[PDB]
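First comes the structure, then the notes that go with it.
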Amino acid sequence: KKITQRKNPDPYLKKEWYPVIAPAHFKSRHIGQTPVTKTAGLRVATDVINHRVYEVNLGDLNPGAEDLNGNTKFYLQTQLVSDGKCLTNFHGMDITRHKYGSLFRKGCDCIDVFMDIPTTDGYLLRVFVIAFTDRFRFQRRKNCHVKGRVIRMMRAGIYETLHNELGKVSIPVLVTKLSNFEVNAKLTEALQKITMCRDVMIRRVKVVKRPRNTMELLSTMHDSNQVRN
Amino acid sequence: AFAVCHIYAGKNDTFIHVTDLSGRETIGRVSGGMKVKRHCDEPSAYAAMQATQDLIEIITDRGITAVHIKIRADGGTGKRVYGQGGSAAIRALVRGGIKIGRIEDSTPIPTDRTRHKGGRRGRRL
Amino acid sequence: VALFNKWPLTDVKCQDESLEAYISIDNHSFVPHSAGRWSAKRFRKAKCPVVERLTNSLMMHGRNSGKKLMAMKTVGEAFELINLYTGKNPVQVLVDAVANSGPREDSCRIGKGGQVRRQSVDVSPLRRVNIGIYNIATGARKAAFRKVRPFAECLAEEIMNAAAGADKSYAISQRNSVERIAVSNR
Amino acid sequence: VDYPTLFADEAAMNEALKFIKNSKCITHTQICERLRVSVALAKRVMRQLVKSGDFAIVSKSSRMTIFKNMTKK
Amino acid sequence: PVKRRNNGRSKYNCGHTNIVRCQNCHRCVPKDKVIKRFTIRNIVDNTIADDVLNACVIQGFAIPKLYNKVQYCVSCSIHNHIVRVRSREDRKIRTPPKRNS
Amino acid sequence: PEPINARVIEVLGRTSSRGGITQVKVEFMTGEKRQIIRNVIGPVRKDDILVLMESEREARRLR
C-alpha cells in the first residue's frame with residue numbers, strides 16, 4: 001500500500017489499496033491488498049474491484065498447519081466492497097501442479113470422477129476427485145493393477161460417498177468439509193473396504209453456476225463466525 | 001506486502017512481471033529482450049539478471065515487500081522446460097531482497113493437445 | 001640493499017591484495033640481471049623481481065633480442081627520470097603502474113560448439129601482472145619508434161602516466177578497452 | 001620539425017633559458033621537442049648552463065643525459 | 001538383417017500403436033519406438049534452492065519439484081546423447097546405465 | 001556493483017576446449033562469503049584470492 005500515502009509511478013500516481021478479507025472458516029482472514037485506479041467518470045473504484053479473483057493457498061488461509069494440505073489452494077472472488085474491505089466468496093479449489101504430477105506413477109490405475117452437485121443452496125459445483133491403486137503388502141507381482149470389477153465397484157463407490165456427503169449441503173458447510181479434508185477422507189474409508197488405494201483426494205471443485213447476488217450467502221460465509229456450527 | 005510475480009521463462013525472451021494477487025493490475029513488468037541488443041541473448045540469464053534488477057527498483061518503490069513466484073515455460077505444445085532465464089529470475093529477486101512466498105508451475109499443459117508445428121518428418125535441421 | 005644501488009629500495013608495498021602475492025619486491029637486489037630459472041615449473045615466475053620482468057620485456061620486436069644490458073640501462077635511465085619528476089621511489093611508482101595497467105576483465109570463446117562469442121571471464125592475478133608489465137612495455141615502444149623522444153624518456157613517462165590512471169597511457173587504455181569489450185560480451 | 005641547429009637563439013637565448021629553467025628537470029631531446037631547436041644544438045646550450053651552475057647532471061651516458069636545476073626558487 | 005529382434009519397437013500383440021512427438025524435432029514417432037524418460041527435478045536450480053528455501057517466508061515450505069516426462073525420437077536421442085550407439089553384444093542388455101532420478 | 005575481492009577455495013579445472021579457462025570456486029572476502037563457481041583465465045593455483053568485476057554473474061560447472 002504505497003501510492004495513496006505518497007509518491008509512486010505515473011499509473012500509480014492516482015491509485016488506492018483496499019484490504020481483501022477471506023471467509024470466516026479460515027484462520028487468517030486477510031488475503032492482501034488490491035491496487036485500483038482512483039474514482040473516474042464511470043469507473044468507480046469499488047465497482048472496479050467488485051469481481052476480482054484471488055488464489056489463496058490453504059497454508060496461507062489456515063496457517064500453523066502448513067505441512068498438511070500445503071498443496072491445496074482456494075480461489076476466492078470478491079462479492080462486496082463494504083467498509084472499504086473486499087469480502088470474498090469461495091469460487092474454486094484446486095490441488096497444486098507439483099502435487100498433481102507426484103500423484104501419477106507407473107504400475108498404478110488412476111480413477112478420476114467428475115460429478116456436478118446441486119448444493120442445498122443456490123450454487124452448482126462440479127467435484128473433480130482422483131484415486132490411485134497401491135501395491136498390496138504381499139504383492140508377488142510389481143504392478144498395482146486391478147480387474148474391471150474393482151474399477152467399476154470403486155468408481156461406483158466414489159459417486160456414492162459424494163452422494164451422501166457433498167450431495168445435499170450448503171456452501172459454508174462445503175467450505176468446512178473441503179478444508180478439514182473431511183469428504184476426501186470419507187472416500188478413502190469407503191475405498192479402503194473396496195481395495196488397496198492411495199491418493200483418494202478431491203483434486204478440484206469449480207463453481208459451475210452462481211445464484212445472483214449471493215450477498216446473504218456472503219453474510220453467512222464471512223460474518224457468521226458466531227454460527228460456526 | 002504480498003503480491004505475485006509471474007515469470008515467463010520459455011525460450012526466445014524472458015518475461016518477469018509482478019502483479020496484484022488477482023492478477024488484474026500489474027505492479028511492474030520488464031523483459032530480458034529490452035536489456036540486450038542481440039536477439040539470441042534475449043532468453044539468457046545474464047540479460048535476465050540485468051532485467052529483474054531493473055524491475056526490483058520499480059516494484060519496491062510501489063511497496064511489494066513480498067512476492068509469490070509462478071514460473072511458466074512456453075507450455076502448450078512447446079518445450080514444457082523452463083529454459084535459461086527462469087533460474088536467474090528467482091536468484092536476482094533474492095539478491096534484491098524481495099521475500100519469496102510460494103513457488104509454482106504455471107505451464108499451460110494441454111489435456112489432449114492440438115497439433116504442433118513441424119510435420120511428421122519433423123524439423124529436419 | 002637499494003635498486004641499482006641508487007634509488008633507495010625501502011619497504012615498497014602493494015595496494016592490490018590480488019597483485020600482492022604475484023608481484024615481488026622482497027627479492028629485489030642490486031641490478032635486475034640475476035640469472036635465474038624463473039621460466040620454470042608453472043608458478044616460479046611469480047617470485048620474480050618486479051623490475052626484472054619489466055626489464056625483460058624491453059628487449060623485444062627482434063631489434064634488441066637478448067640485449068638485457070641495454071634494457072637494464074634504459075630501465076636505469078627511466079628510473080631516474082621518474083624519480084626526478086615525482087620525487088619518490090620509482091620502485092613504488094612501478095608497483096602502482098603495473099597494478100593499475102593490468103586489464104581486470106578478459107573474454108574467451110568458452111568453446112560453445114560452433115559459437116565463437118567471447119563470453120566474459122575473470123583474470124588470473126599472475127596473468128594480470130604479466131599483461132600490465134607487457135602493456136607498459138609495448139606502449140613505451142609505440143610512443144618512441146620514429147620519434148625524437150628516445151625510449152628511456154618514453155618508458156619513464158609511460159610508468160608515471162599508468163600509475164595515475166590517465167586514459168592517455170597505452171597501459172591504462174588497454175585495461176579500459178579490454179574491460180569495455182568484456183562487459184559487451186559478458 | 002625543429003629545424004634550427006646552429007646556437008640559433010639570438011634574442012630568445014633568455015627565453016630558451018627561461019623555458020629551460022622553468023622545467024625543474026630537462027633532457028636534451030625534451031628541449032628539442034618543447035622548443036623549436038635540434039637535439040645537437042641543445043648539447044652545446046646545456047653546456048653553458050651546467051658550467052654556470054644552473055643545472056646538474058643527475059645521470060650521464062653518451063645516449064641519455066639527464067639534467068635537474070640546482071635551485072630555481 | 002534383423003539388427004534388433006524387438007525390431008526397435010516394444011510392440012507386442014498390437015498391430016498399431018498411438019503416436020507421440022520428439023520434444024525438439026517435433027517428429028512423429030510410434031509410442032513404442034519413443035525413448036521415454038521420466039525426470040523429477042527441482043523447480044528452482046538446486047544450487048539456488050537452499051537460499052530460496054531460507055528466504056521463503058512460509059514455515060516448512062518444501063521447494064516444489066517439477067514432474068515431467070521427456071520423449072525423443074531415435075534420431076533426436078542419438079544427437080542429444082539420451083541413448084548411445086552400443087556394440088552388438090551390449091545391445092542385448094536391457095538395464096539402465098549406472099542404475100528414475 | 002563495485003568489484004569484490006573473492007578467495008579461491010578449490011581449482012575446479014580447465015575447460016573451453018583450449019583449457020584456456022579454468023573454473024575456480026570463490027568466496028567474497030568482505031562479509032558476505034558465498035561459494036560460487038566462476039570462470040577464470042591464466043595460471044591460477046589455490047588461495048589466489050582474485051577480484052571479479054561481475055560479482056553475481058556466476059558460471060556453470062564444467063560438463
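Order determines the names: the first chain of the C-alpha cells is A, the second B, and so forth; residues in each chain are numbered 1 upward, and ligands are numbered 1 upward as they are shown.
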Could you write out, as a PyMOL selection string, all the residues of chain D that DSSP marks as helix (DSSP H, G or I)?
chain D and resi 13-22+28-34+39-52
Give me, as a PDB file with N, CA and C atoms, in the first residue's frame, the contact residues of chain E against chain F at a cut-off of 12 Å, counting only C-alpha atoms.
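The resulting file, iface-v4.pdb, is shown below:
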```pdb
ATOM      1  N   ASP E  45      16.743 -23.857  -9.580  1.00  0.00           N
ATOM      2  CA  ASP E  45      18.038 -24.566  -9.733  1.00  0.00           C
ATOM      3  C   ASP E  45      18.438 -25.097  -8.352  1.00  0.00           C
ATOM      4  N   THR E  47      21.285 -25.412  -7.077  1.00  0.00           N
ATOM      5  CA  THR E  47      22.302 -24.515  -6.484  1.00  0.00           C
ATOM      6  C   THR E  47      21.613 -23.386  -5.721  1.00  0.00           C
ATOM      7  N   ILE E  48      20.514 -22.841  -6.242  1.00  0.00           N
ATOM      8  CA  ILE E  48      19.861 -21.671  -5.590  1.00  0.00           C
ATOM      9  C   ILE E  48      18.759 -22.169  -4.654  1.00  0.00           C
ATOM     10  N   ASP E  51      19.065 -21.187  -0.737  1.00  0.00           N
ATOM     11  CA  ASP E  51      18.860 -19.752  -0.424  1.00  0.00           C
ATOM     12  C   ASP E  51      17.381 -19.417  -0.600  1.00  0.00           C
TER      13      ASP E  51
END
```
Give me the residues near residue E:19 as an MDAnalysis selection string, where near means some atom within 9 Å (using only C-alpha atoms) and where sequence neighbours in that chain fewer than 6 positions away do not count.
chainID E and resid 28:32
Please write the residues from the selection above to a file, keeping N, CA, C and O atoms, as an mmCIF file, in the first residue's frame.
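As written to disk, result.cif reads:
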```
data_model
loop_
_atom_site.group_PDB
_atom_site.id
_atom_site.type_symbol
_atom_site.label_atom_id
_atom_site.label_comp_id
_atom_site.auth_asym_id
_atom_site.auth_seq_id
_atom_site.Cartn_x
_atom_site.Cartn_y
_atom_site.Cartn_z
ATOM 1 N N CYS E 28 7.187 -37.271 -35.737
ATOM 2 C CA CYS E 28 6.118 -38.177 -35.266
ATOM 3 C C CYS E 28 6.746 -39.556 -35.165
ATOM 4 O O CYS E 28 7.350 -39.994 -36.151
ATOM 5 N N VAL E 29 6.671 -40.167 -33.988
ATOM 6 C CA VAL E 29 7.321 -41.486 -33.784
ATOM 7 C C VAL E 29 6.250 -42.384 -33.172
ATOM 8 O O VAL E 29 5.389 -41.848 -32.470
ATOM 9 N N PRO E 30 6.221 -43.708 -33.410
ATOM 10 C CA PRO E 30 5.257 -44.549 -32.730
ATOM 11 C C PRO E 30 5.599 -44.570 -31.238
ATOM 12 O O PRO E 30 6.749 -44.457 -30.905
ATOM 13 N N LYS E 31 4.604 -44.758 -30.374
ATOM 14 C CA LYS E 31 4.846 -44.672 -28.910
ATOM 15 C C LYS E 31 5.877 -45.718 -28.500
ATOM 16 O O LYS E 31 6.679 -45.427 -27.606
ATOM 17 N N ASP E 32 5.831 -46.897 -29.115
ATOM 18 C CA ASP E 32 6.765 -47.989 -28.749
ATOM 19 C C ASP E 32 8.207 -47.571 -29.038
ATOM 20 O O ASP E 32 9.070 -47.852 -28.201
#
```
Please identify all residues of chain B having at least one atom at most 6 Å from any atom of chain E, considering only C-alpha atoms, and return them as a ChimeraX atom specification.
/B:87,99-101,118,120-123
Shell around stretch 49-61 of chain D at 8 Å using only C-alpha atoms, local window under 2 positions removed, as a CSV table (one decimal) with N, CA and C atoms, in the first residue's frame:
```csv
chain,number,residue,atom,x,y,z
C,77,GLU,N,67.8,4.5,-16.8
C,77,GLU,CA,67.7,6.0,-17.1
C,77,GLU,C,66.3,6.4,-16.9
C,80,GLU,N,65.4,7.1,-13.2
C,80,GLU,CA,65.9,8.4,-12.7
C,80,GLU,C,64.9,9.4,-13.1
D,21,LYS,N,64.8,26.8,-17.6
D,21,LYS,CA,64.8,26.8,-16.1
D,21,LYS,C,63.4,26.5,-15.6
D,45,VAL,N,74.1,24.2,-25.8
D,45,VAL,CA,73.4,25.1,-24.9
D,45,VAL,C,73.5,24.5,-23.5
D,46,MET,N,73.1,23.2,-23.3
D,46,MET,CA,73.1,22.6,-22.0
D,46,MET,C,74.5,22.9,-21.3
D,47,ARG,N,75.5,23.0,-22.1
D,47,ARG,CA,76.9,23.1,-21.5
D,47,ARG,C,77.0,24.5,-20.8
D,63,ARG,N,74.4,8.3,-24.8
D,63,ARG,CA,72.9,8.3,-25.3
D,63,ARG,C,72.1,9.2,-24.4
D,64,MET,N,71.6,8.8,-23.2
D,64,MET,CA,70.7,9.6,-22.5
D,64,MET,C,71.4,10.3,-21.3
D,65,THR,N,71.3,11.7,-21.3
D,65,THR,CA,71.9,12.5,-20.2
D,65,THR,C,70.8,13.3,-19.5
D,66,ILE,N,70.7,13.3,-18.2
D,66,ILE,CA,69.5,13.9,-17.6
D,66,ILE,C,70.0,15.1,-16.7
D,67,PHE,N,69.4,16.3,-16.8
D,67,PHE,CA,69.8,17.4,-16.0
D,67,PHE,C,68.7,18.0,-15.1
D,68,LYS,N,69.0,18.4,-13.9
D,68,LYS,CA,68.0,18.9,-13.0
D,68,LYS,C,68.5,20.2,-12.4
D,69,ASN,N,67.7,21.3,-12.4
D,69,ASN,CA,68.3,22.6,-11.9
D,69,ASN,C,68.6,22.5,-10.4
D,70,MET,N,69.7,23.2,-10.0
D,70,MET,CA,70.1,23.1,-8.5
D,70,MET,C,69.1,23.8,-7.6
D,71,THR,N,68.5,24.9,-8.0
D,71,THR,CA,67.6,25.7,-7.1
D,71,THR,C,66.3,26.1,-7.9
```
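The residues of stretch 165-218 of chain A that DSSP assigns to strand (DSSP E) on this backbone come out as residues 197, 198, 199, 200, 201, 202, 203, 204, 205, 206, 207, 208 and 209 of chain A.
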Can you write out the residues you just picked, keeping N, CA and C atoms, as a compact mmCIF listing (two decimals), in the first residue's frame?
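Okay, this is what ended up in again-v3.txt:
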```txt
# COMPACT_ATOMS: atom_id res chain seq x y z
N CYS A 197 -5.88 -48.60 -1.72
CA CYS A 197 -5.93 -47.38 -2.55
C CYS A 197 -4.99 -46.32 -1.99
N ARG A 198 -4.55 -45.40 -2.85
CA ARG A 198 -3.69 -44.28 -2.40
C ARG A 198 -4.20 -43.01 -3.07
N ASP A 199 -3.92 -41.84 -2.50
CA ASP A 199 -4.26 -40.54 -3.15
C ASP A 199 -5.74 -40.41 -3.50
N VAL A 200 -6.65 -40.81 -2.61
CA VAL A 200 -8.10 -40.62 -2.88
C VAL A 200 -8.47 -39.22 -2.42
N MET A 201 -8.19 -38.20 -3.24
CA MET A 201 -8.41 -36.80 -2.81
C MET A 201 -9.29 -36.06 -3.81
N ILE A 202 -10.15 -35.15 -3.33
CA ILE A 202 -10.90 -34.32 -4.30
C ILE A 202 -9.88 -33.33 -4.85
N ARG A 203 -9.57 -33.42 -6.15
CA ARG A 203 -8.48 -32.57 -6.70
C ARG A 203 -9.02 -31.17 -6.96
N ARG A 204 -10.18 -31.05 -7.60
CA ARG A 204 -10.68 -29.71 -7.97
C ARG A 204 -12.18 -29.59 -7.69
N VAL A 205 -12.65 -28.40 -7.33
CA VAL A 205 -14.12 -28.19 -7.21
C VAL A 205 -14.38 -26.81 -7.80
N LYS A 206 -15.16 -26.72 -8.89
CA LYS A 206 -15.34 -25.41 -9.58
C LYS A 206 -16.78 -24.94 -9.48
N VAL A 207 -16.98 -23.63 -9.35
CA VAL A 207 -18.36 -23.05 -9.33
C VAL A 207 -18.87 -23.08 -10.77
N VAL A 208 -19.84 -23.95 -11.05
CA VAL A 208 -20.35 -24.05 -12.44
C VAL A 208 -21.33 -22.90 -12.60
N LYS A 209 -22.17 -22.68 -11.59
CA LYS A 209 -23.18 -21.58 -11.66
C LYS A 209 -23.28 -20.87 -10.31
```
Compile a residue-level contact table for chain A against chain B at a cut-off of 6 Å, reporting for every qualifying residue the shortest atom pair and its distance in Å to one decimal, with only C-alpha atoms counted, rows ordered by chain and ascending number, as CSV.
```
residue,atom,partner,partner_atom,distance
A:2,CA,B:63,CA,5.5
A:8,CA,B:62,CA,5.8
A:52,CA,B:22,CA,5.8
A:53,CA,B:22,CA,5.1
A:54,CA,B:22,CA,4.6
```
Nearest residue to residue A:108 from the set A:224, A:34, A:143, A:179 (distances using only C-alpha atoms)
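Of the candidates, the smallest distance to residue A:108 is held by A:143.
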Residues at most 7 Å from residue B:51, counting only C-alpha atoms, excluding those fewer than 5 positions away in the same chain, as a ChimeraX atom specification?
/B:30-32,35
If you keep N, CA, C and O atoms, can you produce a file of those selected residues as a PDB file, in the first residue's frame?
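What landed in again02.pdb:
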```pdb
ATOM      1  N   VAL B  30       9.079  -6.159 -16.873  1.00  0.00           N
ATOM      2  CA  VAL B  30      10.395  -5.889 -17.513  1.00  0.00           C
ATOM      3  C   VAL B  30      10.616  -7.070 -18.455  1.00  0.00           C
ATOM      4  O   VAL B  30       9.925  -8.089 -18.270  1.00  0.00           O
ATOM      5  N   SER B  31      11.486  -6.934 -19.456  1.00  0.00           N
ATOM      6  CA  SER B  31      11.788  -8.106 -20.318  1.00  0.00           C
ATOM      7  C   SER B  31      13.292  -8.270 -20.528  1.00  0.00           C
ATOM      8  O   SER B  31      13.992  -7.250 -20.603  1.00  0.00           O
ATOM      9  N   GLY B  32      13.751  -9.514 -20.659  1.00  0.00           N
ATOM     10  CA  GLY B  32      15.172  -9.793 -20.903  1.00  0.00           C
ATOM     11  C   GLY B  32      15.575  -9.173 -22.208  1.00  0.00           C
ATOM     12  O   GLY B  32      16.694  -8.659 -22.287  1.00  0.00           O
ATOM     13  N   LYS B  35      16.873  -5.386 -22.340  1.00  0.00           N
ATOM     14  CA  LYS B  35      18.280  -5.173 -21.927  1.00  0.00           C
ATOM     15  C   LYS B  35      19.300  -5.506 -23.026  1.00  0.00           C
ATOM     16  O   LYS B  35      20.286  -4.759 -23.124  1.00  0.00           O
TER      17      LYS B  35
END
```
Write out, as JSON lines, each residue of chain B that has an atom at most 12 Å from chain C, together with the closest pair of atoms and their distance in Å to one decimal, counting only C-alpha atoms, rows going by chain and rising number.
```
{"residue": "B:35", "atom": "CA", "partner": "C:184", "partner_atom": "CA", "distance": 11.8}
{"residue": "B:36", "atom": "CA", "partner": "C:184", "partner_atom": "CA", "distance": 9.8}
{"residue": "B:37", "atom": "CA", "partner": "C:184", "partner_atom": "CA", "distance": 10.2}
{"residue": "B:38", "atom": "CA", "partner": "C:185", "partner_atom": "CA", "distance": 10.3}
{"residue": "B:40", "atom": "CA", "partner": "C:117", "partner_atom": "CA", "distance": 11.4}
{"residue": "B:41", "atom": "CA", "partner": "C:185", "partner_atom": "CA", "distance": 9.9}
{"residue": "B:44", "atom": "CA", "partner": "C:186", "partner_atom": "CA", "distance": 10.9}
{"residue": "B:45", "atom": "CA", "partner": "C:186", "partner_atom": "CA", "distance": 11.0}
{"residue": "B:46", "atom": "CA", "partner": "C:186", "partner_atom": "CA", "distance": 7.7}
{"residue": "B:47", "atom": "CA", "partner": "C:186", "partner_atom": "CA", "distance": 9.5}
{"residue": "B:49", "atom": "CA", "partner": "C:186", "partner_atom": "CA", "distance": 11.7}
{"residue": "B:50", "atom": "CA", "partner": "C:186", "partner_atom": "CA", "distance": 11.4}
```
Export of prior selection with N, CA and C atoms as an mmCIF file, in the first residue's frame:
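Now in result.cif:
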```cif
data_model
loop_
_atom_site.group_PDB
_atom_site.id
_atom_site.type_symbol
_atom_site.label_atom_id
_atom_site.label_comp_id
_atom_site.auth_asym_id
_atom_site.auth_seq_id
_atom_site.Cartn_x
_atom_site.Cartn_y
_atom_site.Cartn_z
ATOM 1 N N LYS B 35 16.873 -5.386 -22.340
ATOM 2 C CA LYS B 35 18.280 -5.173 -21.927
ATOM 3 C C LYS B 35 19.300 -5.506 -23.026
ATOM 4 N N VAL B 36 19.095 -6.559 -23.826
ATOM 5 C CA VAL B 36 20.168 -6.990 -24.780
ATOM 6 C C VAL B 36 19.843 -6.651 -26.231
ATOM 7 N N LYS B 37 20.799 -6.039 -26.929
ATOM 8 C CA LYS B 37 20.604 -5.700 -28.362
ATOM 9 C C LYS B 37 20.494 -6.970 -29.213
ATOM 10 N N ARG B 38 21.362 -7.961 -28.995
ATOM 11 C CA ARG B 38 21.355 -9.166 -29.869
ATOM 12 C C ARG B 38 20.123 -10.017 -29.556
ATOM 13 N N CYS B 40 19.530 -13.284 -29.985
ATOM 14 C CA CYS B 40 19.851 -14.603 -29.368
ATOM 15 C C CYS B 40 20.037 -14.475 -27.856
ATOM 16 N N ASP B 41 20.597 -13.362 -27.393
ATOM 17 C CA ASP B 41 20.899 -13.198 -25.950
ATOM 18 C C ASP B 41 19.622 -12.970 -25.150
ATOM 19 N N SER B 44 18.797 -15.516 -22.374
ATOM 20 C CA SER B 44 19.932 -15.802 -21.460
ATOM 21 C C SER B 44 19.735 -15.182 -20.081
ATOM 22 N N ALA B 45 20.194 -15.876 -19.044
ATOM 23 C CA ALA B 45 20.074 -15.410 -17.647
ATOM 24 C C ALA B 45 20.866 -14.129 -17.375
ATOM 25 N N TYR B 46 21.982 -13.865 -18.061
ATOM 26 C CA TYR B 46 22.673 -12.564 -17.842
ATOM 27 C C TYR B 46 21.760 -11.415 -18.261
ATOM 28 N N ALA B 47 21.103 -11.544 -19.413
ATOM 29 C CA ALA B 47 20.139 -10.497 -19.818
ATOM 30 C C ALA B 47 19.050 -10.449 -18.759
ATOM 31 N N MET B 49 19.305 -11.294 -15.679
ATOM 32 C CA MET B 49 19.782 -10.804 -14.359
ATOM 33 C C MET B 49 19.671 -9.288 -14.346
ATOM 34 N N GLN B 50 20.143 -8.658 -15.422
ATOM 35 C CA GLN B 50 20.073 -7.183 -15.506
ATOM 36 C C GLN B 50 18.592 -6.825 -15.499
#
```
Quick one: residues within 10 Å of residue F:28, only C-alpha atoms counted, chain neighbours fewer than 6 positions away excluded, as a list in words?
residues 4, 5, 6, 7, 8, 34, 35, 36, 49, 50, 51, 52 and 55 of chain F
Using only C-alpha atoms, what does the table of chain A residues within 9 Å of chain E look like, with each row giving the shortest atom pair and its distance in Å to one decimal, sorted by chain and ascending number, as CSV?
```
residue,atom,partner,partner_atom,distance
A:59,CA,E:58,CA,8.5
A:60,CA,E:58,CA,8.3
A:64,CA,E:59,CA,8.3
A:66,CA,E:59,CA,7.1
A:67,CA,E:60,CA,6.7
A:70,CA,E:61,CA,7.7
A:97,CA,E:66,CA,8.4
A:98,CA,E:64,CA,5.9
A:99,CA,E:64,CA,8.4
A:100,CA,E:67,CA,8.9
A:101,CA,E:67,CA,5.4
A:102,CA,E:67,CA,6.7
```
Any chance you could export the current selection's N, CA, C and O atoms as an mmCIF file, in the first residue's frame?
```cif
data_model
loop_
_atom_site.group_PDB
_atom_site.id
_atom_site.type_symbol
_atom_site.label_atom_id
_atom_site.label_comp_id
_atom_site.auth_asym_id
_atom_site.auth_seq_id
_atom_site.Cartn_x
_atom_site.Cartn_y
_atom_site.Cartn_z
ATOM 1 N N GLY A 59 -2.478 -23.305 3.134
ATOM 2 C CA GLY A 59 -1.470 -22.962 4.150
ATOM 3 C C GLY A 59 -1.516 -21.480 4.466
ATOM 4 O O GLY A 59 -1.462 -21.146 5.649
ATOM 5 N N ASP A 60 -1.630 -20.614 3.461
ATOM 6 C CA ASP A 60 -1.798 -19.166 3.748
ATOM 7 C C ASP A 60 -3.141 -18.906 4.431
ATOM 8 O O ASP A 60 -3.164 -18.070 5.341
ATOM 9 N N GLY A 64 -0.168 -22.411 10.349
ATOM 10 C CA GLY A 64 0.125 -23.203 11.559
ATOM 11 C C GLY A 64 -0.166 -24.663 11.294
ATOM 12 O O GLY A 64 0.101 -25.484 12.180
ATOM 13 N N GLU A 66 0.657 -25.844 7.943
ATOM 14 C CA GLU A 66 1.169 -25.810 6.544
ATOM 15 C C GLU A 66 1.549 -27.197 6.038
ATOM 16 O O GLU A 66 1.239 -27.494 4.880
ATOM 17 N N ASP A 67 2.169 -28.020 6.873
ATOM 18 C CA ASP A 67 2.672 -29.332 6.389
ATOM 19 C C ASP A 67 1.506 -30.139 5.828
ATOM 20 O O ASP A 67 1.696 -30.768 4.773
ATOM 21 N N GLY A 70 -0.525 -28.400 2.216
ATOM 22 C CA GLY A 70 0.248 -27.274 1.655
ATOM 23 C C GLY A 70 -0.086 -27.174 0.182
ATOM 24 O O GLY A 70 0.025 -26.083 -0.370
ATOM 25 N N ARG A 97 0.014 -27.883 -8.836
ATOM 26 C CA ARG A 97 0.518 -28.641 -10.011
ATOM 27 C C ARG A 97 1.655 -29.565 -9.582
ATOM 28 O O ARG A 97 1.788 -30.656 -10.167
ATOM 29 N N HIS A 98 2.393 -29.191 -8.540
ATOM 30 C CA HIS A 98 3.577 -30.004 -8.174
ATOM 31 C C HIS A 98 3.047 -31.316 -7.612
ATOM 32 O O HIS A 98 3.700 -32.351 -7.811
ATOM 33 N N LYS A 99 1.889 -31.256 -6.962
ATOM 34 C CA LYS A 99 1.303 -32.445 -6.294
ATOM 35 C C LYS A 99 0.618 -33.297 -7.359
ATOM 36 O O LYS A 99 0.809 -34.521 -7.343
ATOM 37 N N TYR A 100 -0.153 -32.665 -8.240
ATOM 38 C CA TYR A 100 -0.876 -33.395 -9.311
ATOM 39 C C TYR A 100 0.098 -34.345 -10.002
ATOM 40 O O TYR A 100 -0.271 -35.498 -10.259
ATOM 41 N N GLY A 101 1.302 -33.860 -10.307
ATOM 42 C CA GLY A 101 2.331 -34.654 -11.006
ATOM 43 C C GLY A 101 2.831 -35.812 -10.165
ATOM 44 O O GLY A 101 2.994 -36.913 -10.722
ATOM 45 N N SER A 102 3.058 -35.568 -8.870
ATOM 46 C CA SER A 102 3.549 -36.599 -7.916
ATOM 47 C C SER A 102 2.481 -37.658 -7.685
ATOM 48 O O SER A 102 2.791 -38.670 -7.043
#
```
Skipping near chain neighbours, those fewer than 5 positions away, what residues fall within 12 Å of residue F:21 using only C-alpha atoms, listed as a list in words?
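Neighbouring residues, sequence-local ones excluded: residues 106, 107, 108, 109, 110, 111, 118, 119, 120, 121, 122, 123 and 124 of chain C; 11, 12, 13, 14, 15, 16, 38, 39, 40, 41, 42, 43, 44, 59, 61 and 62 of chain F.
Proximity to chain B was assessed for F:1, F:20, F:37, F:31 counting only C-alpha atoms; the smallest distance is recorded for F:1.
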